[PDB]
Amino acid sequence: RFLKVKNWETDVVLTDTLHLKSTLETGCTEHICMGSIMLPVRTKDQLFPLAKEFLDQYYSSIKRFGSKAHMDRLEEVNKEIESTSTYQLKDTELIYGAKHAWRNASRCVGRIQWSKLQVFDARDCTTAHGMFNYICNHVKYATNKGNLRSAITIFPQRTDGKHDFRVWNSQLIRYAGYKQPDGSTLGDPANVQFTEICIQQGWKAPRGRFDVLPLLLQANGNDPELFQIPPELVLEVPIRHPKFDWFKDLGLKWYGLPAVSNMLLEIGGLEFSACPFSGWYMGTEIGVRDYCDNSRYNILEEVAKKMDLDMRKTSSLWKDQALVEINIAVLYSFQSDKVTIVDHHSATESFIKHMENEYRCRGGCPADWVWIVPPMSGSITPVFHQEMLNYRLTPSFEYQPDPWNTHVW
């Protein structure tokens, strides 16, 4: 009932009670752990309990648990639900829910910043053009000339499912991927399919290695539309090393704004299917995963050669030496151009502090160890030695099917 988690480097021990308020499932069972598996309309009856659960925590957080205001609101929503078969959050509730969905994102290592989220209420939106407008504003606000500010823009909630708003891109800003005759892939292999769906939709791909994709926005259930982000609004960083002048020749660069756009935000049973959010990169995401993953830009060998390393034998650890240099370069390019970015050491140290604050002030902090530990130098970051308990709390950010596998044109 009262679980404890120990850090094996410091011997510190925290007790977890917050998991007791766990609602959703984990994919695991007393017989099998699926901790490493990436992916382990509501009715009136289904809804009220959720709204109740939510309002309870909301009012509890504002020190008015069981107050008249609390009871009243619970009644109004209750009425509104029974009548409209749904309800609307007050702005206060929307903001609170979004911040807490971030607070509860067990896979996010940057949650120490959770309370500082800027929320853009786009619930009055009605068209793809409106969506494009809201998104551009989000992009500009959050980029802030390189001094990034976390934000989320929330489009209209789901109703009957046949009027859902959806951003087809996986991130607001991402490079394109095209399958060349060579059999090889040009650009970002991860977006090869999306890149094609834009074309299948009219986009005029410049077939480059770093082409900013176009937004494919879906409003109120209608078929999606394309819009190119004002180039002047997409901050980019040219990747150069602080010692290897040959580096720039690799012809690499990355965008400064990471902005997940394909997730679903659930607040009090309500579902917001279009809720793009952004923060700032942790160095390794680009340097380790986007650049070195075999299925991404897969650039290790190329950088290996340029460094003139004995790639004849794995045991020489050339991949490791290169990986490091590459990551020193990403953090260098960003820091030079004055674009916010955080290294895995500093980011993990913060998460640990955040975990401690969360444990004493909330009785816990759900965290997914498999995602929290950086893809490089694992054990030399504090989170590696930190036991973590993963569980689902709501409000939350959830995965949802790609729209192009659901859209009934």
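Whichever C-alpha set is largest while still superposing within 1.5 Å between the two forms counts as the rigid core. For every residue, the number given is its place in the sequence shown, counted from 1.
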Query raised in the report: When the core is superposed, where do the C-alphas shift more in 5 other deposited structures of this protein: in 179-187 or in 134-142?
Result: 179-187
Query raised in the report: in 5 other deposited structures of this protein, superposed on the rigid core, which stretch sits farther off in Cα RMS terms, 91-99 or 153-161?
Result: 153-161
Report task. For the stretch from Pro40 to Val41, please bin the deposited residues that the model skips: none, 1 to 3, 4 to 9, or 10 or more. Result -> 4 to 9
Query raised in the report: Per the PDB record, is the mean Cα temperature factor higher over 96-104 or over 215-223?
Result: 215-223
Query raised in the report: Looking at the deposited entry, does 198-206 or 130-138 carry the larger mean Cα B-factor?
Result: 198-206
Query raised in the report: Among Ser67, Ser377, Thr348, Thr340, where is the Cα temperature factor highest, going by the PDB entry?
Result: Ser67
Report summary line: Highest CA B factor of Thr15, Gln400, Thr23, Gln386, as deposited, is found at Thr23
Requested in this report: Within this chain's modelled residues, let me know which third the CA B factor of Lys306 belongs to: lowest, middle or highest.
Outcome: highest
Requested in this report: Quick one: classify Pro382 as lowest, middle or highest third of the chain based on its Cα B-factor.
Outcome: lowest
Query raised in the report: When the modelled residues of the chain are sorted by Cα temperature factor, does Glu30 land in the lowest, middle or highest third?
Result: highest
Query raised in the report: Lowest, middle or highest third: where is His344 by Cα B-factor in its chain?
Result: lowest
Report task. Rank-wise, by C-alpha B-factor, drop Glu80 into the lowest, middle or highest third of its chain. Result -> highest
